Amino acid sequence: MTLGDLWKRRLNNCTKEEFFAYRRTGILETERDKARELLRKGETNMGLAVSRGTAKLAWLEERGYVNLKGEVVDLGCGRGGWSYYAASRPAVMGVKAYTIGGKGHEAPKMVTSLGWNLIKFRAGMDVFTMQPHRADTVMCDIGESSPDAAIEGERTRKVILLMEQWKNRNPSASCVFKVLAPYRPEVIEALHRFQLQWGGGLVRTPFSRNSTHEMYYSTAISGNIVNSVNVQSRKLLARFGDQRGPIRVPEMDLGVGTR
């Protein structure tokens, strides 16, 4: 059993109040008041982020932890917060975005955020059985939470296998993908094998809530996985008891228009 497994147990053992206060203590949280209502009313001419994924992928780019270029695939695009961010990057030529949609899943949000004409959205798509095709940048933000860490580790393994298939088709593509439960042993093994052939490493964004152990893997960074994971588990285990609120920060406004 790992520090991550123990973190999960403590998380599930929180009362409702302990949980609500732990989830958000000390985290970065974008201020989405205007964005949410603009989405709610059906306004399409808006550059504000369609979801909280935009600021996470933006944080990765700006830090230099991902280099988004060329033909991008967004696997599991959901509302499209990553697809929109990518399409607004001048170095990006196109975005092929896929997501399952359907009952209990987010369809793409359709707006005119900068670069939108360059995204091809395909909802109703299961990326786990789709044959890969050419891409320069492979992104994947899939990983649905579950109180059951074993299920979370299996969902995570399926994401890493998916990336191995796209790397097989595109050996040179840069990848960035969520690793939902990076402490699970089948996940640590999978990520070691990925790292040994493709390079890369793990990093925590400051926007991820404490209720999730997610970390993002990218071929543009480096560092020991086991160490990356155990450092994060300890930070997470030490935040239990913190009373501080989230740090609220502005939401992205990527602007509108075609490219």
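Just count from 1 along the sequence shown to find any residue number. We call the rigid core whatever largest set of C-alpha positions still superposes within 1.5 Å between the two forms.
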Query - Greater Cα displacement in 8 other deposited structures of this protein once the core is superposed, comparing 104-112 with 123-131 - result: 104-112
Query raised in the report: Fit on the core, then compare CA atoms: does 81-89 or 95-103 lie farther from this form in 8 other deposited structures of this protein?
Result: 95-103
Query raised in the report: Hey, which bit's got the bigger mean C-alpha B factor in the entry, 53-61 or 38-46?
Result: 38-46
Requested in this report: May I ask you to compare 84-92 and 102-110 by their mean CA B factor in the entry and name the higher one?
Outcome: 102-110
Query - Highest recorded Cα temperature factor - choice among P185, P132, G115, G76 - result: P185
Query - Options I225, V231, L196, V203 - largest CA temperature factor per the record - result: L196
Report summary line: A21: C-alpha B-factor third of its chain, per the entry, is the middle
Query raised in the report: Within this chain, which third does the Cα B-factor at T137 fall in: lowest, middle or highest?
Result: lowest
Query raised in the report: Hey, what third does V176 fall into on Cα B-factor, ranked over its chain?
Result: lowest
Report task. Report the third (lowest, middle or highest) to which the CA temperature factor of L11 belongs, ranking only the modelled residues of the same chain. Result -> lowest
Query raised in the report: Going by what the PDB entry lists, where does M125 fall on CA B-factor within its chain: lowest, middle or highest third?
Result: highest
